[PDB]
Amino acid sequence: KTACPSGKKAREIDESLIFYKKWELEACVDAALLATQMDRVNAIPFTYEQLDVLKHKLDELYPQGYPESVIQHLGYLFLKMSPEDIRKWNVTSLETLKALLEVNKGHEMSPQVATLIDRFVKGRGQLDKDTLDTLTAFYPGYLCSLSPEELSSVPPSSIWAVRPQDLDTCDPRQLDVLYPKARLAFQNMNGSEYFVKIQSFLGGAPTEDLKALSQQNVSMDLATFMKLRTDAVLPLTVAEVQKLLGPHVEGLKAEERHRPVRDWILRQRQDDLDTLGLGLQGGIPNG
């Protein structure tokens, strides 16, 4: 019944079309009209079957991929999309991305969303500060979900989007990839500001920057000290650890059998560990 029943041709995309059967929709609704009024479909109570007919017509119209004009309003049609189709998309507006990420909010990242993110970043040429803000907002563990190789392609300018808690899942490899980028982003700052910004990254910092910070009265939180690289705290002197921890040197004895602290103590002489007056023990015996 290719022909559309008389008086049933759709001049407009409205709710009156919900009582059209699938074939009635295929025969009575022109694809260009749908493309122009996509913005109305998400407010109409169309069944999954009728929405399938609609997506079929949208495909008929755009065989080279949808335009962002239609992709912004896809709504729950973005779920009936295939990754192959999304790989042909040119999505540029952050608001389009925010609208598509809101359709499957809460649930785990679907393959469609991964492909959308990849196409978006490959179009923008990088992972921007704004784009990273968006992605972390929708998916909090996004940053630490990237390999140390992928994480290496992040420009330093976008580090201003990385909040401290966004690194509470990153492994030492990722932290080591990130610390230079944050060092560059926060470079050109002065004193307490640099530290306030780089404290959450120092878990991937080397020994040289640690000594440089010690020589500038930083008063490093001991909880931050516990997050440092064991291999990077060993080559430090008692005077350096003292200048770094500032007044927080008191908590050393409380953390005397823990990751970095015990390994550092065991590599120091008791004659110098006793210079702190805190009662530390485990130093290389004199002689």
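Residues carry their position along the shown sequence, with the first being 1.
**Student:** Is the mean CA B factor in the deposited entry higher across 193-201 or across 155-163?
**Tutor:** Comparing averages over the C-alpha atoms only gives 193-201.
**Student:** Using only the Cα atoms and their B-factors as the entry lists them, report which of 116-124 and 180-188 averages higher.
**Tutor:** Mean CA B-factor is higher for 180-188.
**Student:** Going by the entry, which of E24, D263, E15, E12 has the most elevated CA B factor?
**Tutor:** Reading the PDB entry, the winner on C-alpha B-factor is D263.
**Student:** Select one of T169, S110, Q72, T92: the residue whose C-alpha shows the highest B-factor in the crystal structure entry.
**Tutor:** It is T169.
**Student:** Should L143 be placed in the lowest, middle or highest third of its chain by the C-alpha B factor in the entry?
**Tutor:** Middle third - that is where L143 ends up once the chain's C-alpha B-factors are sorted.
**Student:** Divide the modelled residues of the chain into thirds by Cα B-factor and specify which third, lowest, middle or highest, holds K243.
**Tutor:** Ranked within chain, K243 CA B lands in the middle tercile.
**Student:** What third of its chain's C-alpha B-factors does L210 belong to: lowest, middle or highest?
**Tutor:** Within its chain, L210 is a middle-third residue by C-alpha B-factor, going by the deposited values.
**Student:** When the modelled residues of the chain are sorted by Cα temperature factor, does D231 land in the lowest, middle or highest third?
**Tutor:** Highest third, going by the recorded CA B-factors of the chain.
**Student:** Going by what the PDB entry lists, where does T224 fall on CA B-factor within its chain: lowest, middle or highest third?
**Tutor:** Top third by C-alpha B-factor.
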